[PDB]
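Quick notes on the structure that follows.
Protein chains in written order, with the authors' numbering: chain D, 53 to 104; chain E, 53 to 104; chain C, 209 to 260.
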C-alpha cells in the first residue's frame with residue numbers, strides 16, 4: 053500500500069592533536085514515502101435497442 | 053442533392069469508490085450537410101452571315 | 209564564456225564545445241572551471257590545520 057526510501061550524509065572532519073582522542077560527529081538520516089489510495093474509472097454505458 | 057458527415061463526442065472520467073458502481077456519462081453526436089441547388093451557364097450566339 | 213568574441217565563429221578567437229573548459233586564444237592558454245574556492249564565513253573559527 054506504500055513505498056519508502058532513506059537518505060543520509062555528512063560525516064565530518066576535525067583537527068587531531070597528538071594524543072587528543074577527539075570525539076566523533078554524528079550522521080543523520082531520514083525517509084520519504086508515497087501512498088496509493090485512489091482509482092479512476094470511465095463507465096459510459098450503451099443501450100441495446102440504440103445499438104441495433 | 054446533399055451529403056452528410058457525422059462526429060463523435062469525448063468521454064469524461066470520474067473517481068471510483070470501492071463498490072460505487074458510478075453512473076455513466078453521455079457522448080453526443082452531430083452532423084453536417086451541404087446542399088447543391090444552382091447552375092451557372094455562359095452563352096453566346098453568332099449569326100451565319102456575320103460569320104461569313 | 210558568454211561573450212560574443214568566444215561564441216561567434218567569424219571572430220578568429222572562437223572555440224566550439226566550450227562546456228568543460230576552453231582555450232583562450234588571445235594568448236592560447238587553457239581555462240578550466242573549478243567548483244571549490246574559499247568562502248568568507250564572517251568570523252568563524254580558524255580553518256583546520258592552521259597554527260599561530
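Think of the CB as a built atom: it goes at the ideal place given N, C-alpha and C, for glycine as much as any other residue.
- When the Cα atoms are used, residue 77(D) and residue 93(D) turn out to be separated by approximately 53 Å.
- In the same chain as residue 59(D), and ignoring 5 residues on each side of it, the C-beta atoms closer than 6 Å to its own belong to 82, in chain order.
- As DSSP reads the structure, residue 238(C) sits in a beta bridge with 231(C).
- Interface annotation, residue 60(E): not in contact with chain D, CB-CB separation never under 8 Å.
- Check the Cα spacing between residue 64(E) and each of 103(D), 97(D) and 102(D): the tightest is with 97(D).
- DSSP, reduced to helix, strand and coil, places residue 93(E) outside both helices and strands of the structure shown, so it counts as coil.
- Looking at the DSSP output, residue 54(E) bridges to 87(E).
- Beta-carbon to beta-carbon, residue 209(C) and residue 226(C) are separated by about 6 Å, close enough to satisfy the 8 Å threshold.
- Straight across, the Cα-Cα distance linking residue 223(C) with residue 71(D) is about 55 Å.
- Per the coordinates, the alpha-carbon of residue 215(C) lies some 41 Å from the alpha-carbon of residue 251(C).
- The residue among 95(D), 79(D), 86(D) and 66(D) with its C-alpha nearest the C-alpha of residue 258(C) is 66(D).
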